[PDB]
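Look below for two forms of one protein chain, each set out as structure tokens: first structure 1, then structure 2.
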Structure 1
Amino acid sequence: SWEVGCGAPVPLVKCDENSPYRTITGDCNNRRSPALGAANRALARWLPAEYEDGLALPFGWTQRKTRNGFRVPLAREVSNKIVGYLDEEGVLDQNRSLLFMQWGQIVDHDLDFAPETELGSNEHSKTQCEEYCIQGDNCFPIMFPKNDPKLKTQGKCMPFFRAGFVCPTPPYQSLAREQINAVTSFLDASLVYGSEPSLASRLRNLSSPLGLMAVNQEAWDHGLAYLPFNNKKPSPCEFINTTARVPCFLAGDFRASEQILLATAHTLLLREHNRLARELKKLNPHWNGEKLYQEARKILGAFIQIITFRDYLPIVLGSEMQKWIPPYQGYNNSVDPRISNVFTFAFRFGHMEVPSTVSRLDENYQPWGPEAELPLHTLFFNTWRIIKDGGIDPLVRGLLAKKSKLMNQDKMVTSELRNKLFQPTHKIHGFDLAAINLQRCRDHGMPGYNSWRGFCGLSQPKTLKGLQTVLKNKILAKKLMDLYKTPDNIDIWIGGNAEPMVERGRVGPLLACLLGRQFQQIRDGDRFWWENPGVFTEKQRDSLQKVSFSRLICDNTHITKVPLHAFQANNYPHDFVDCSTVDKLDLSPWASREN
């Protein structure tokens, strides 16, 4: 115990220390310990991993081996019995726009990514797993329980591959298994710019010396830009409609095209960067290209952090916000800014907020066309609807005018995700996000629910009666007990999300604690936190608290009526105001004079 050694995946760089800009890999943020918070390093472990063989074999891997005496139940069985429901009526969040959910997915994607293992392009293991479901090495399939309707239709399992791990990737040995975070821990807009110098460069337009991001050349959205198309074939975006042949978008983060709405938001940010850059060029004619890139980049980062901490978190945590995130006192170099392995599962509460359908609205916020409301599942890796069916304006209005889904103990995840999820790799619209989340909890060797309740100083129920009290639900507590036999065994993903919500928030006591700590840490340990004295100027900071997502919309679409508070539920037209009634980000404080 104490390694500090093991680390084949660098890639290492030299630190400048007087550079006023963040590296792209996240390196050099912390001067004493320069790799803290960098992309491609192990996720942090707040608690010792809990694997079946104590090292890397996940629970449920070996049939004959129990966990605390009992067999862990199949991911899908838990999915079938606890997580799914049929009635979408009455399910929407009365005070959260659809944007509430989509911002979460953006933030989370800026902070973490544990990609799956490769070791296979020109591979049969990709197929010895999909076709016959043989568990082995990195294939760790999700078996269907008896009486599951996907048996008669899909096969005997859903292919699933274990997450990538530090040092090698290969067979391997030694210490406990640690998963990789392929992105930077700092809230630094890494999802727009990339986390590798390799990708960050491809993304840029180095033809023009104006510091812009490369835009699409085959198509436009009323003279406005779109993200470039990705080079790679086979592309999944052209697969869902072999006819329209539209590839996925190339963006800072690889998951950008996962669903039409996420792609949309990515477009807004790409656009704000370029707009920000042509404006800086206008007041500092003399600045060079990189100067424009970095400074534009720097602003957008500050923007993502403000919206997130000022607008978003307080309605996620509710009354529990001040208790985990006291006000900012300044940079603290003794804080571990690394994303913990558990945070990547607690932040998945967002999955219970995804509604079953997506809408496009017209200028008066009316159904745009005859097939205006689409089932969420026709939108996974759907790029052609944007390019070939209206642009993003119709979708952005839907973001502002529709509601998020409200987590609900009797109605957790929509069937659009629990039964019809499309994986970029396989061919069917038949995966189960819920089962995958659970299978991945085990892949990552996460401690049980009660381990996490103790961590947060919350009571730990040992009995049915005990758990009814904490969940405030007899039916749920029961279902759960029958499957897991002991609360010690409840997987944290479902454990945390089953708890009733906190006052004015959207997650419970356990999740609030986990989320709260993480964010406190990425703020306090981020040398480039926007409020950190010296990072920006007093006059610059003053201009930055006037940013709002509403404005972002005005400056980058042709939408003219927007809500003043985009995250709460807004009705058209009473709640919407004209874009000219809205605080603009004044860039005058970024002007630079010679003598």
Structure 2
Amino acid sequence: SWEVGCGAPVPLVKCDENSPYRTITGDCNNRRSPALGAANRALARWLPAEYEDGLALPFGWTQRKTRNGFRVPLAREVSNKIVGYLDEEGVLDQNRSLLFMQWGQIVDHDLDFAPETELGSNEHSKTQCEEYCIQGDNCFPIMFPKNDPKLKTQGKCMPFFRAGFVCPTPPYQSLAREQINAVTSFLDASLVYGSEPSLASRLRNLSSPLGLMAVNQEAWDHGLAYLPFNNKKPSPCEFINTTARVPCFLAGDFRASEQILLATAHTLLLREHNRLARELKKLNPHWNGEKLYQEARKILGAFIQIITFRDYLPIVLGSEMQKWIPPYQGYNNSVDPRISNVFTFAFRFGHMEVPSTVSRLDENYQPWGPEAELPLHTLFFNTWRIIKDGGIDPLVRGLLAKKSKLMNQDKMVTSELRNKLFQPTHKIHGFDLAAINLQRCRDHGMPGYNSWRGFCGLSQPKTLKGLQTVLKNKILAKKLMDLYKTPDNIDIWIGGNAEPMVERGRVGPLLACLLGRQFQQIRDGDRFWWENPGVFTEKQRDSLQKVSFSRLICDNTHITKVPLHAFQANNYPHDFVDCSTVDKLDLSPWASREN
């Protein structure tokens, strides 16, 4: 009965089966089904979508329509009563660097992107939603509850537009709405190179046969490269400071400039590609542009995969790492490599790891200048602070020496994100990411908390006392029950993040299962996984095994002192060393001798 499937909007595929390299769109990875994992196709559904009308209306759209007999609470009311807090003191993670939060953002970006629908061009459809808060079509405004401080200073709501969906942009009516993943599902550095041919070419430097990525020609970081500017107007980065008038950066991913430390991470990755390309050129003078670029791109992809699976996932999943991601056993073409719609919400556990401020530190790892520490919100879409205020080095020192925020049942998300988020085209630092996450969860037709608990083989609390035991928190379960009248209605983003973290990890049991299962598939179902026999030669793998985020910093910045385990909390100068005692990536095995 279940159909072969739709996909009118989706592009046609032709595959070079000889190709030793990935496509930019992800197509051709799986040979039997070439479109699996490819960008711009529907996110996978691990469970049937749950919409108010079974097809496309989110729960909460029709006021009179209940979910399981109860009205769903406003996303902003759950944010105000459960997610927010005042005191930032004592909220830091004693054993994770700020780099741990940032890498999580980088990895998410590489894997999934579900952009708001496109209809606002030559239209006030976007202007109206914002200006008048009238719910309709793609406009699904986040209404402020009665006692909300924002009602007094910001109006009746926060604009919010429904995510883009496959086939008709216009709503379909026989089968459940499926949201689109605009990027490639493989952990493949698509955030650096782009997931569309159109964008991938624009990022390259084709003026020279060196396989380099294009760089900024208007500014340099003490001779080091910056990413090219996106000269698209309007620009949110110019808008945050019309006097500095510095635009956003142009990277393989559309969100690169959202916050200063993400732009910073993208810069290091870009520098790495060119550094690898230059190096390869030396060793194999005979290799042309396409060759160099594809080879450096392939090494960068492996670097990202290694740092992620070897350093990052174990300290996220703790004790559950083995359970869900057993040691590698090779490529399995039977595995669905597609990112699931629920994983795009599970991975948002990172939102509770973002601290309230960002620091710039000098070569002594001491405050750099008079305004060295800055509130996070002044840093959304902020490029000028990097270009006109010291480059990226002082920021990278902060990523190593400062701490991530620790998830806390009583202090979930910092007000820098919960009350002062800046959204492009909107003019103010007054949005709420936590509310947007909850409204989105509904937009995507997410099944509720207990459906996912069942999916992960975990208990399904039906009462306040039952929920109290699962969350090991009486007061939190009581607020959740007061808001959602049954655990069955609790949105997965908030339910999953409310659970106490597993041993040696940073997420609860439910998230560990959703995340673990996804990463296992991402690895096992990738024909181009770095450790799959034949992708790299065995000597190349011996060389890749040494990659480290410390080495990445050393080779692409002017920082000469770094920790050996960049993700753990590290203090200067004790946990820091000279870049000379740190393993280098040895590109000797890439010397291809032919004659």
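Residues that one form lacks are left out of the comparison. Take the two forms, superpose them, and find the largest set of C-alpha atoms that agree within 1.5 Å; that set is the rigid core. Structure 1 provides the reference sequence; residues are numbered from 1 along it.
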_Angstrom displacement of the CA atom of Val13 between structure 1 and structure 2, core fixed_ = 3.2
*Taking the rigid core as the frame of reference, how far in Å is the Cα of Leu119 displaced between structure 1 and structure 2?*
1.3
*Core-aligned, what's the Cα displacement of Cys157 between structure 1 and structure 2 in Å?*
0.2
*Fit the two forms on the core and write out the ranges of at least 3 consecutive residues whose every CA moves by 2 Å or more between structure 1 and structure 2.*
3 to 5, 9 to 13, 171 to 174
